[PDB]
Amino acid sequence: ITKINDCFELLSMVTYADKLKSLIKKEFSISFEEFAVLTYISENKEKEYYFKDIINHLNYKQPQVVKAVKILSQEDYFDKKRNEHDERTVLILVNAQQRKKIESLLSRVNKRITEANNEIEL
């Protein structure tokens, strides 16, 4: 929504945002890395993504990711391949059902947030 305007606001958000990250992790047994990839996919409806652009959009460093990319593809949340461009490039494909499997579980997540926001103060 809006940009944080100062010091007081910077702490409120961090404090708040963290409460939400923990609830989720706990409530769903998922890391924010995992949460981030999924959430990225969902908003960027594509059948093919490059980890090179998901990493940078998100703002991480390869390692933090991959693991999260291991557990996810292998949980069947998307298909992961690594062919051609220097053994480097890893491409994640996402078909209609994986794409619903995701869209579904994040719907679970949106429910909670709304709820928690009823008692998670300023």
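Numbering starts at 1 and runs along the sequence shown.
Novice: So, looking at the entry's B-factor column for Cα atoms, which has the higher mean, 24-32 or 77-85?
Specialist: Looking at the record's C-alpha B-factors, the answer is 77-85.
Novice: So which stretch wins on mean C-alpha B-factor, 34-42 or 61-69?
Specialist: According to the entry, 61-69 carries the higher average C-alpha B-factor.
Novice: Where does the C-alpha B-factor of residue 120 rank in its chain, lowest, middle or highest third?
Specialist: Tercile = middle for this residue's CA B-factor.
Novice: Per the entry's values, where does residue 1 land by CA temperature factor relative to the rest of its chain, in the lowest, middle or highest third?
Specialist: For residue 1, whose C-alpha B-factor we compare with every modelled residue in the chain, the answer is the highest third.
Novice: Quick check on the deposited entry: does the C-alpha B-factor of residue 51 sit in the lowest, middle or highest third of its chain?
Specialist: Highest third - that is where residue 51 ends up once the chain's C-alpha B-factors are sorted.
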